[PDB]
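A.B. asks: Below you'll find run_7.cif; it's mmCIF, C-alpha atoms and all ligand atoms.
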data_input
#
loop_
_atom_site.label_atom_id
_atom_site.label_comp_id
_atom_site.auth_asym_id
_atom_site.auth_seq_id
_atom_site.Cartn_x
_atom_site.Cartn_y
_atom_site.Cartn_z
CA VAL Q 1 14.59 1.38 58.18
CA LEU Q 2 11.86 3.01 56.09
CA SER Q 3 11.72 6.77 55.71
CA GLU Q 4 9.07 8.70 57.64
CA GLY Q 5 7.31 9.41 54.35
CA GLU Q 6 7.27 5.72 53.47
CA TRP Q 7 5.81 4.85 56.89
CA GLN Q 8 3.14 7.49 56.29
CA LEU Q 9 2.20 5.88 52.98
CA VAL Q 10 1.95 2.52 54.74
CA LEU Q 11 -0.27 3.92 57.48
CA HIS Q 12 -2.37 5.95 55.04
CA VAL Q 13 -3.44 2.85 53.13
CA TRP Q 14 -3.76 0.91 56.39
CA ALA Q 15 -6.41 3.37 57.61
CA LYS Q 16 -8.44 2.33 54.57
CA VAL Q 17 -8.07 -1.29 55.68
CA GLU Q 18 -9.34 -0.33 59.12
CA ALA Q 19 -12.61 0.93 57.63
CA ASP Q 20 -13.56 -2.77 57.06
CA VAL Q 21 -10.97 -5.01 58.66
CA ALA Q 22 -13.12 -8.14 58.32
CA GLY Q 23 -13.82 -7.78 54.61
CA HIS Q 24 -10.17 -7.05 53.89
CA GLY Q 25 -9.14 -10.06 56.01
CA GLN Q 26 -11.54 -12.33 54.16
CA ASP Q 27 -10.25 -11.20 50.79
CA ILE Q 28 -6.63 -11.59 51.89
CA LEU Q 29 -7.04 -15.10 53.28
CA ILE Q 30 -9.10 -16.24 50.31
CA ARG Q 31 -6.45 -14.88 47.96
CA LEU Q 32 -3.76 -16.69 49.96
CA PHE Q 33 -5.64 -19.98 49.82
CA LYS Q 34 -6.40 -19.62 46.11
CA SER Q 35 -2.82 -18.76 45.18
CA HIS Q 36 -1.16 -21.20 47.62
CA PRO Q 37 -3.60 -23.96 48.58
CA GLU Q 38 -1.09 -25.70 50.85
CA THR Q 39 -1.47 -22.81 53.31
CA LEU Q 40 -5.12 -23.72 53.87
CA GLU Q 41 -3.93 -26.96 55.49
CA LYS Q 42 -2.71 -24.95 58.49
CA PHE Q 43 -6.28 -24.00 59.51
CA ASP Q 44 -7.85 -27.19 60.89
CA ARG Q 45 -11.05 -25.27 61.47
CA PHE Q 46 -11.85 -24.67 57.80
CA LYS Q 47 -9.21 -26.54 55.77
CA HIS Q 48 -12.03 -28.65 54.25
CA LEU Q 49 -13.79 -25.70 52.57
CA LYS Q 50 -13.93 -26.00 48.81
CA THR Q 51 -15.55 -22.94 47.20
CA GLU Q 52 -15.11 -19.19 47.43
CA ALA Q 53 -18.69 -18.87 48.69
CA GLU Q 54 -18.03 -21.36 51.48
CA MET Q 55 -14.95 -19.37 52.43
CA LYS Q 56 -16.93 -16.13 52.51
CA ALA Q 57 -19.59 -17.79 54.67
CA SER Q 58 -17.10 -19.16 57.22
CA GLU Q 59 -17.27 -17.34 60.55
CA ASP Q 60 -13.96 -18.92 61.55
CA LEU Q 61 -12.19 -17.66 58.45
CA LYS Q 62 -13.61 -14.15 58.95
CA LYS Q 63 -12.45 -14.18 62.58
CA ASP Q 64 -8.96 -15.37 61.62
CA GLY Q 65 -8.63 -12.64 58.99
CA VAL Q 66 -9.47 -10.05 61.65
CA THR Q 67 -6.92 -11.61 64.00
CA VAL Q 68 -4.17 -11.43 61.37
CA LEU Q 69 -4.91 -7.87 60.28
CA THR Q 70 -5.35 -6.56 63.84
CA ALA Q 71 -1.93 -7.91 64.80
CA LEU Q 72 -0.30 -6.73 61.58
CA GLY Q 73 -1.79 -3.25 61.92
CA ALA Q 74 -0.41 -2.88 65.43
CA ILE Q 75 2.99 -3.98 64.12
CA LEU Q 76 2.92 -1.50 61.23
CA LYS Q 77 1.97 1.33 63.56
CA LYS Q 78 5.18 0.70 65.47
CA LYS Q 79 7.14 1.85 62.34
CA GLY Q 80 9.75 -0.87 62.81
CA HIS Q 81 9.84 -0.58 66.62
CA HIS Q 82 8.02 -3.87 66.96
CA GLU Q 83 10.17 -6.26 68.95
CA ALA Q 84 7.55 -6.60 71.71
CA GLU Q 85 4.74 -7.23 69.24
CA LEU Q 86 6.78 -9.78 67.29
CA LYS Q 87 7.82 -11.77 70.38
CA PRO Q 88 4.48 -13.58 71.06
CA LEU Q 89 3.79 -13.94 67.35
CA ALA Q 90 7.14 -15.61 66.69
CA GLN Q 91 6.61 -17.83 69.73
CA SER Q 92 3.32 -19.26 68.49
CA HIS Q 93 4.17 -19.31 64.79
CA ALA Q 94 7.52 -21.02 65.26
CA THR Q 95 6.60 -23.52 67.95
CA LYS Q 96 2.88 -24.26 67.53
CA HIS Q 97 1.55 -23.32 64.09
CA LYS Q 98 4.95 -23.82 62.34
CA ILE Q 99 4.46 -21.21 59.66
CA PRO Q 100 7.56 -21.03 57.42
CA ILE Q 101 8.83 -17.67 56.23
CA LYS Q 102 7.81 -18.61 52.69
CA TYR Q 103 4.18 -18.71 53.88
CA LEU Q 104 4.64 -15.22 55.33
CA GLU Q 105 5.86 -14.24 51.85
CA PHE Q 106 2.70 -15.76 50.39
CA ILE Q 107 0.46 -13.80 52.75
CA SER Q 108 2.44 -10.62 52.05
CA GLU Q 109 1.75 -11.15 48.34
CA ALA Q 110 -1.96 -11.56 49.13
CA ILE Q 111 -2.00 -8.38 51.24
CA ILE Q 112 -0.39 -6.37 48.45
CA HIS Q 113 -2.79 -7.84 45.90
CA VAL Q 114 -5.88 -6.96 47.94
CA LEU Q 115 -4.69 -3.46 48.82
CA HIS Q 116 -3.94 -2.74 45.17
CA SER Q 117 -7.28 -4.19 44.03
CA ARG Q 118 -9.31 -2.20 46.54
CA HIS Q 119 -7.35 1.04 46.90
CA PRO Q 120 -5.34 1.65 43.71
CA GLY Q 121 -5.52 5.44 44.13
CA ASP Q 122 -3.85 5.10 47.55
CA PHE Q 123 -1.54 2.29 46.54
CA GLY Q 124 0.60 3.45 43.63
CA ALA Q 125 4.22 2.52 43.07
CA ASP Q 126 5.72 4.48 45.95
CA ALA Q 127 3.07 3.25 48.43
CA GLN Q 128 3.47 -0.32 47.14
CA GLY Q 129 7.23 -0.08 47.59
CA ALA Q 130 6.78 1.26 51.12
CA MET Q 131 4.43 -1.59 52.01
CA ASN Q 132 6.81 -4.12 50.43
CA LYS Q 133 9.64 -2.77 52.59
CA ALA Q 134 7.50 -2.82 55.74
CA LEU Q 135 6.43 -6.41 55.17
CA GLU Q 136 10.03 -7.40 54.32
CA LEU Q 137 11.18 -5.88 57.62
CA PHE Q 138 8.46 -7.80 59.46
CA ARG Q 139 9.55 -11.04 57.79
CA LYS Q 140 13.26 -10.42 58.42
CA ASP Q 141 12.73 -9.71 62.11
CA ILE Q 142 10.35 -12.59 62.69
CA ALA Q 143 12.78 -14.98 60.91
CA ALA Q 144 15.52 -13.94 63.34
CA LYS Q 145 13.18 -14.64 66.26
CA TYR Q 146 12.21 -17.99 64.69
CA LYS Q 147 15.85 -19.03 64.73
CA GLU Q 148 16.26 -17.89 68.34
CA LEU Q 149 13.48 -20.36 69.15
CA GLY Q 150 15.16 -23.16 67.19
CA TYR Q 151 12.89 -23.00 64.13
CA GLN Q 152 14.60 -22.81 60.74
CA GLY Q 153 11.40 -22.31 58.74
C1 LIG M 201 0.93 -11.07 58.60
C2 LIG M 201 1.16 -12.34 58.99
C3 LIG M 201 0.44 -12.96 60.20
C4 LIG M 201 0.04 -12.39 61.35
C5 LIG M 201 0.22 -10.94 61.83
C6 LIG M 201 -0.62 -13.42 62.13
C7 LIG M 201 -1.16 -13.24 63.38
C8 LIG M 201 -1.79 -14.21 64.13
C9 LIG M 201 -2.34 -14.05 65.46
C10 LIG M 201 -2.32 -12.74 66.27
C11 LIG M 201 -2.85 -15.24 65.83
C12 LIG M 201 -3.54 -15.58 67.17
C13 LIG M 201 -2.51 -15.64 68.30
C14 LIG M 201 -1.40 -16.64 68.03
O1 LIG M 201 -1.68 -17.86 67.88
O2 LIG M 201 -0.24 -16.19 67.95
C15 LIG M 201 -2.63 -16.18 64.75
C16 LIG M 201 -3.01 -17.50 64.73
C17 LIG M 201 -2.80 -18.41 63.71
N1 LIG M 201 -2.08 -18.19 62.54
FE1 LIG M 201 -1.10 -16.45 62.10
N2 LIG M 201 -0.58 -14.60 61.41
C18 LIG M 201 0.05 -14.35 60.22
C19 LIG M 201 0.29 -15.27 59.22
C20 LIG M 201 -0.11 -16.60 59.20
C21 LIG M 201 -0.02 -17.49 58.07
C22 LIG M 201 0.57 -17.07 56.71
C23 LIG M 201 -0.52 -18.68 58.45
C24 LIG M 201 -0.70 -20.01 57.68
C25 LIG M 201 -0.32 -20.20 56.41
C26 LIG M 201 -0.94 -18.56 59.82
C27 LIG M 201 -1.51 -19.56 60.57
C28 LIG M 201 -2.10 -19.35 61.80
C29 LIG M 201 -2.86 -20.33 62.54
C30 LIG M 201 -3.14 -21.78 62.08
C31 LIG M 201 -3.28 -19.77 63.67
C32 LIG M 201 -4.12 -20.45 64.77
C33 LIG M 201 -5.58 -20.51 64.30
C34 LIG M 201 -6.38 -21.21 65.36
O3 LIG M 201 -5.99 -22.34 65.76
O4 LIG M 201 -7.39 -20.62 65.81
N3 LIG M 201 -0.68 -17.28 60.26
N4 LIG M 201 -1.97 -15.52 63.73
#
Before anything else, please render the file you have as structure tokens.

C.D. replies:
Amino acid sequence: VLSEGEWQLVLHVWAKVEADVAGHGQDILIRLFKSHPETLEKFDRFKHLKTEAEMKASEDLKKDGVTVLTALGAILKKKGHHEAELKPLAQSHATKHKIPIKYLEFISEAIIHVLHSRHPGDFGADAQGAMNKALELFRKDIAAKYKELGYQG
């Protein structure tokens, strides 16, 4: 459970993300693939791309970054009350995409990196800690749902 003030810090920086969801999503996915190249293997559509410029030119990558951030933003706006939003996400990510929790850690690291790089004045230590807690809660709850579906990832 985050405090109300922590949730407000999370949602304050998230509004900045919403000014350019697609550019933030591109930077986050590219950071994820640069830091953890194995994750790129999960995206059949563009797993063959080799340079940063190719990744920035990929319409599929840009669309997927929007998909991820749109879903995550809706989750964050629930302020922890996100069982109904997590249910379909756990279903697909446990049974079809097979995304282990460690990969959700990797993408959390990429999110924090991009938010700090782009919005340092709105992402100091207390806001970073709030976002860390919110992403940890997301990962904890989706791991529990993973197990309910038989996936130990
Ligand atoms: C904040 C974490 C994430 C969120 C909110 C998120 C959300 C979504 C959503 C809403 C979709 C489309 C609907 C669905 O299939 O459920 C999707 C698809 C997908 N996600 Fe995730 N995702 C996250 C993390 C990841 C990570 C870390 C990976 C891989 C390392 C991944 C791999 C995929 C793949 C492969 C698809 C299907 C792409 C396609 O076939 O078009 N996701 N994600």

A.B. asks: Using only C-alpha atoms and all ligand atoms, which residue out of Q:113, Q:145, Q:36, Q:119 lies closest to ligand LIG 201 (chain M)?

C.D. replies: Q:36

A.B. asks: Could you check which of Q:117, Q:132, Q:91, Q:39 is closest to residue Q:148, using only C-alpha atoms?

C.D. replies: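 That would be Q:91, the residue with the smallest distance to residue Q:148.
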
A.B. asks: Of the candidates Q:69, Q:112, Q:57, Q:144, which one gets nearest to residue Q:129 if we count only C-alpha atoms?

C.D. replies: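 That would be Q:112, the residue with the smallest distance to residue Q:129.
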
A.B. asks: Kindly provide, as number ranges by chain, all nucleotide and amino acid residues lying within 6 Å of ligand LIG 201 (chain M), counting only C-alpha atoms and all ligand atoms.

C.D. replies: Q: 39, 42-43, 67-68, 71-72, 89, 92, 97, 99, 103-104, 107

A.B. asks: Give me, as a tab-separated table, each residue of stretch 55-119 of chain Q that comes within 12 Å of stretch 6-12 of chain Q, together with its shortest interatomic pair and the distance in Å at one decimal, counting all atoms listed in the file, with rows ordered by chain and rising residue number.

C.D. replies:
residue	atom	partner	partner_atom	distance
Q:72	CA	Q:11	CA	11.4
Q:73	CA	Q:11	CA	8.6
Q:74	CA	Q:11	CA	10.5
Q:75	CA	Q:11	CA	10.8
Q:76	CA	Q:11	CA	7.3
Q:77	CA	Q:11	CA	7.0
Q:78	CA	Q:7	CA	9.6
Q:79	CA	Q:7	CA	6.4
Q:80	CA	Q:7	CA	9.1
Q:81	CA	Q:7	CA	11.8
Q:112	CA	Q:10	CA	11.1
Q:115	CA	Q:10	CA	10.7
Q:119	CA	Q:12	CA	10.7

A.B. asks: Excluding residue Q:32 and its own-chain neighbours fewer than 3 positions away, which residues fall within 8 Å of it when counting all atoms listed in the file? Please give them as an mmCIF file with C-alpha atoms, keeping the file's coordinate frame.

C.D. replies:
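Dumped to around_3.cif:
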data_model
loop_
_atom_site.group_PDB
_atom_site.id
_atom_site.type_symbol
_atom_site.label_atom_id
_atom_site.label_comp_id
_atom_site.auth_asym_id
_atom_site.auth_seq_id
_atom_site.Cartn_x
_atom_site.Cartn_y
_atom_site.Cartn_z
ATOM 1 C CA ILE Q 28 -6.630 -11.590 51.890
ATOM 2 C CA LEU Q 29 -7.040 -15.100 53.280
ATOM 3 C CA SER Q 35 -2.820 -18.760 45.180
ATOM 4 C CA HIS Q 36 -1.160 -21.200 47.620
ATOM 5 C CA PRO Q 37 -3.600 -23.960 48.580
ATOM 6 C CA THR Q 39 -1.470 -22.810 53.310
ATOM 7 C CA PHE Q 106 2.700 -15.760 50.390
ATOM 8 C CA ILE Q 107 0.460 -13.800 52.750
ATOM 9 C CA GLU Q 109 1.750 -11.150 48.340
ATOM 10 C CA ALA Q 110 -1.960 -11.560 49.130
#

A.B. asks: Grab the atom CA of residue Q:65 to atom CA of residue Q:22 distance for me, in Å with one decimal place.

C.D. replies: 6.4 Å

A.B. asks: Kindly indicate which residue among Q:101, Q:94, Q:46, Q:14 lies nearest to residue Q:59, using all atoms listed in the file for the distances.

C.D. replies: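 Closest to residue Q:59, using all atoms listed in the file: Q:46.
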
A.B. asks: When you draw a straight line from atom CA of residue Q:139 to atom CA of residue Q:48, how long is it in Å?

C.D. replies: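 Atom CA of residue Q:48 lies 28.1 Å from atom CA of residue Q:139.
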
A.B. asks: Given all atoms listed in the file as the basis, pick out the residue of Q:85, Q:4, Q:105, Q:64 nearest to residue Q:135.

C.D. replies: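 Using all atoms listed in the file, the shortest distance to residue Q:135 belongs to Q:105.
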
A.B. asks: Complete the atoms of stretch 80-115 of chain Q to N, CA and C atoms and put them out as a CSV table (one decimal), in the coordinates of the input.

C.D. replies:
chain,number,residue,atom,x,y,z
Q,80,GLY,N,8.5,-0.1,62.6
Q,80,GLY,CA,9.8,-0.9,62.8
Q,80,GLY,C,10.1,-1.1,64.2
Q,81,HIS,N,9.5,-0.4,65.2
Q,81,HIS,CA,9.8,-0.6,66.6
Q,81,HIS,C,8.9,-1.6,67.2
Q,82,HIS,N,9.0,-2.8,66.6
Q,82,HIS,CA,8.0,-3.9,67.0
Q,82,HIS,C,8.6,-5.1,67.5
Q,83,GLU,N,9.7,-5.0,68.3
Q,83,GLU,CA,10.2,-6.3,69.0
Q,83,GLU,C,9.2,-6.9,69.9
Q,84,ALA,N,8.5,-6.1,70.7
Q,84,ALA,CA,7.6,-6.6,71.7
Q,84,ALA,C,6.3,-7.2,71.1
Q,85,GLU,N,5.9,-6.6,69.9
Q,85,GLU,CA,4.7,-7.2,69.2
Q,85,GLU,C,5.1,-8.5,68.5
Q,86,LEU,N,6.4,-8.6,68.0
Q,86,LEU,CA,6.8,-9.8,67.3
Q,86,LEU,C,7.0,-11.0,68.2
Q,87,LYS,N,7.4,-10.7,69.5
Q,87,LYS,CA,7.8,-11.8,70.4
Q,87,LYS,C,6.7,-12.8,70.5
Q,88,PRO,N,5.5,-12.5,70.9
Q,88,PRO,CA,4.5,-13.6,71.1
Q,88,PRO,C,4.1,-14.2,69.7
Q,89,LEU,N,4.2,-13.4,68.7
Q,89,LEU,CA,3.8,-13.9,67.4
Q,89,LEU,C,4.8,-15.0,66.9
Q,90,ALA,N,6.1,-14.6,67.0
Q,90,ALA,CA,7.1,-15.6,66.7
Q,90,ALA,C,7.0,-16.9,67.5
Q,91,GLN,N,6.8,-16.7,68.9
Q,91,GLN,CA,6.6,-17.8,69.7
Q,91,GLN,C,5.6,-18.8,69.2
Q,92,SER,N,4.4,-18.3,68.9
Q,92,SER,CA,3.3,-19.3,68.5
Q,92,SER,C,3.6,-19.8,67.1
Q,93,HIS,N,4.1,-18.9,66.2
Q,93,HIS,CA,4.2,-19.3,64.8
Q,93,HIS,C,5.4,-20.2,64.5
Q,94,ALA,N,6.4,-20.1,65.4
Q,94,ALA,CA,7.5,-21.0,65.3
Q,94,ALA,C,7.2,-22.3,66.0
Q,95,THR,N,6.6,-22.3,67.1
Q,95,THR,CA,6.6,-23.5,68.0
Q,95,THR,C,5.3,-24.3,67.9
Q,96,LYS,N,4.2,-23.6,67.6
Q,96,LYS,CA,2.9,-24.3,67.5
Q,96,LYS,C,2.4,-24.4,66.1
Q,97,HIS,N,2.1,-23.3,65.4
Q,97,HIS,CA,1.6,-23.3,64.1
Q,97,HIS,C,2.6,-23.8,63.0
Q,98,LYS,N,3.8,-23.5,63.2
Q,98,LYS,CA,5.0,-23.8,62.3
Q,98,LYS,C,4.7,-23.3,60.9
Q,99,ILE,N,4.7,-21.9,60.9
Q,99,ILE,CA,4.5,-21.2,59.7
Q,99,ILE,C,5.8,-20.8,59.1
Q,100,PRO,N,6.3,-21.4,58.0
Q,100,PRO,CA,7.6,-21.0,57.4
Q,100,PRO,C,7.5,-19.6,56.9
Q,101,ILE,N,8.7,-19.0,56.8
Q,101,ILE,CA,8.8,-17.7,56.2
Q,101,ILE,C,8.2,-17.6,54.8
Q,102,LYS,N,8.4,-18.7,54.0
Q,102,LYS,CA,7.8,-18.6,52.7
Q,102,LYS,C,6.3,-18.4,52.7
Q,103,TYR,N,5.6,-19.0,53.8
Q,103,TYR,CA,4.2,-18.7,53.9
Q,103,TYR,C,3.9,-17.3,54.3
Q,104,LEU,N,4.8,-16.6,55.1
Q,104,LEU,CA,4.6,-15.2,55.3
Q,104,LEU,C,4.9,-14.4,54.1
Q,105,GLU,N,5.7,-14.8,53.2
Q,105,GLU,CA,5.9,-14.2,51.8
Q,105,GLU,C,4.6,-14.4,51.1
Q,106,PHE,N,4.0,-15.6,51.1
Q,106,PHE,CA,2.7,-15.8,50.4
Q,106,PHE,C,1.6,-14.8,50.9
Q,107,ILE,N,1.5,-14.7,52.2
Q,107,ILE,CA,0.5,-13.8,52.8
Q,107,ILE,C,0.8,-12.3,52.5
Q,108,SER,N,2.1,-12.0,52.5
Q,108,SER,CA,2.4,-10.6,52.0
Q,108,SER,C,2.0,-10.3,50.6
Q,109,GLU,N,2.2,-11.3,49.7
Q,109,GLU,CA,1.8,-11.2,48.3
Q,109,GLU,C,0.2,-10.9,48.3
Q,110,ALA,N,-0.5,-11.7,49.1
Q,110,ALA,CA,-2.0,-11.6,49.1
Q,110,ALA,C,-2.4,-10.2,49.7
Q,111,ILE,N,-1.7,-9.7,50.7
Q,111,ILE,CA,-2.0,-8.4,51.2
Q,111,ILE,C,-1.8,-7.3,50.2
Q,112,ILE,N,-0.7,-7.4,49.5
Q,112,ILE,CA,-0.4,-6.4,48.4
Q,112,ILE,C,-1.4,-6.5,47.3
Q,113,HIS,N,-1.8,-7.7,46.9
Q,113,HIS,CA,-2.8,-7.8,45.9
Q,113,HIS,C,-4.1,-7.2,46.3
Q,114,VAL,N,-4.6,-7.5,47.5
Q,114,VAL,CA,-5.9,-7.0,47.9
Q,114,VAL,C,-5.9,-5.4,48.1
Q,115,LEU,N,-4.8,-4.9,48.7
Q,115,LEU,CA,-4.7,-3.5,48.8
Q,115,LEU,C,-4.7,-2.8,47.5
